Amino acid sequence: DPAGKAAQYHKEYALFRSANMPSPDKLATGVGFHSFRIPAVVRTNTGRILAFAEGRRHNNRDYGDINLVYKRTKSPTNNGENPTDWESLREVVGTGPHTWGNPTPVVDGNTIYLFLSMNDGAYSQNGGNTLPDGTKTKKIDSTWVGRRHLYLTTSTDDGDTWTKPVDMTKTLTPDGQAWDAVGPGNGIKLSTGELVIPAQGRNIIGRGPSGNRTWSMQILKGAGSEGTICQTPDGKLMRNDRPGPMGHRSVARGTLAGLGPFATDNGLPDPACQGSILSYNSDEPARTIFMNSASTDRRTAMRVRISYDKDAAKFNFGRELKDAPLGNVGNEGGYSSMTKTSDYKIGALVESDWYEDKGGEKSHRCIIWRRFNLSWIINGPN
C-alpha cells in the first residue's frame, strides 16, 4: 500500500467533555450534560466536519431527558486539527423530557440528512427504571406514545441550522414495532446516487435528486438492531451489524434488490457493541475501514482495520487505538464513528467512560476525537 510509505500521523483529544471535566460542554442556554454518548460524524461537501452525540443530561442511561447535540468545525478548511478548530456545543433537537438520539447522518450534495430515534420520556427499553424525579419508566411498547419513533431533520446550510424534525415512523418503521434504532453512526450515498441508512431489521433507502429525496424501507431478514452500511469496491452493499450475543460481527452482502443471509464473521470479534465502517476510497487500491472493540467481551479493545477486498471479506489486524492513548478522559472504548477528512485522514469519534460508579448510571461518559492517516494504521506493530 503506497500510503504506508508516508510518515505516520495521529492526533487525539476530547471533543465532547462531560460535566465532571474541566471546561465541560454546555449549550448557550446554560444546559449542561452529565454524559455524552452515541457519536456520529460526517464531512460535508464544503470540508466542514459535523460531529453529533447524545447529550445525556442527568446520568449515562439511554432513556430519560437526552438531547441530540452537535459541534461543527469553525471553518470548512481546518479539518478539526486542534481543539480550538471546533465550535462550541449546539443542539439539533432537545424538546421536552424525551429521548432524542441515535444520530445517523448522511451527506447528499448540499443537504445533510440526519436520521434519529426518539422515545417519550416516560418510557425505557426495559421499563421499570427510576427517573430523576423518582418516577418509574414504562416499557417501550407498540403504542404510538410508547414506541420508538424515527425522525428526520435536514440542514441545507452546512449544519448551521436544522429543520424541525419530521416524524417518519408511520412510513419508515414497520407497523406494530416497539423498540427501534436507526444507526447509530452514518448512512451512505451510493455510486449510483441513492442514499442508504442502516436501521433495526431494515435499510432506509432515499431516492430522488440530491436534496429532494423520498424514502422507503428495505426489510431485511436476520439483520441486527444497530447496523452499519457501506458500498464495497465491487459496488455491492454490505451490512455489518452488532450481534445479539457477544462474540462477532454479523455480516450480509447484496444490492438494493436484497441482501443475502447474515452470518457471523469470525474475523471480527465484537462484544455486542456498536461499530463503524467507512468506504475510504474506490480507486486503486480500494479500501474499506472498520472500527469496533476487537474483543468478545469488553469495549476497551478499540481497533481500526483496513480491508483491500472487493467485498471487504477480510480485514487486517490493523491498529489498537491504545497505541496512541489519551490521558485524562477515562477508559477509552465503546461506540464509534468515522469520516474521511479533506486532508486525507480518518477522523473518528470514540466513546470513553470515567467509570466512577463502575457500570452504574452515575459514571461520566465523554467522547474523543481522533485523526490518523492510513500509514498510522498500516505500520501498526502487529
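In this text, residue numbers run from 1 along the sequence as written.
Practice item. Select between 294 to 302 and 268 to 276 the stretch whose C-alpha atoms have the higher average B-factor in the entry. Key: On average, C-alpha B-factors are higher across 294 to 302.
Practice item. Could you check which stretch, 210 to 218 or 93 to 101, carries the larger mean CA temperature factor in the entry? Key: The stretch with the larger mean CA B-factor is 210 to 218.
Practice item. Would you mind checking which of 57, 43, 26, 319 has the top Cα temperature factor in the PDB entry? Key: Out of 57, 43, 26, 319, the record gives the largest C-alpha B-factor to 319.
Review point. With respect to the C-alpha temperature factors reported in the PDB entry, which of 356, 65, 351, 62 ranks highest?
Key: When the deposited C-alpha B-factors of 356, 65, 351, 62 are compared, 356 is largest.
Check your understanding: Ranked by Cα temperature factor within the chain, is residue 187 in the lowest third, the middle third or the highest third?
Key -> Within its chain, residue 187 is a lowest-third residue by C-alpha B-factor, going by the deposited values.
Check your understanding: By the record's CA B-factor, is residue 346 among the lowest, middle or highest third of residues in the chain?
Key -> Its C-alpha B-factor belongs to the middle third of this chain's values.
**Study point:** Ranked C-alpha temperature factor of residue 158 among modelled chain residues, by third
**Key:** Middle third.
Exercise for review: Taking the values exactly as deposited, rank residue 373 by C-alpha B-factor within its chain and report the matching third: lowest, middle or highest.
Suggested key: Its C-alpha B-factor, which the entry lists for residue 373, ranks in the highest third among residues of this chain.
Review point. Taking the C-alpha B-factors as the PDB entry records them, is residue 148 in the lowest, middle or highest third of its chain?
Key: For residue 148, whose C-alpha B-factor we compare with every modelled residue in the chain, the answer is the lowest third.
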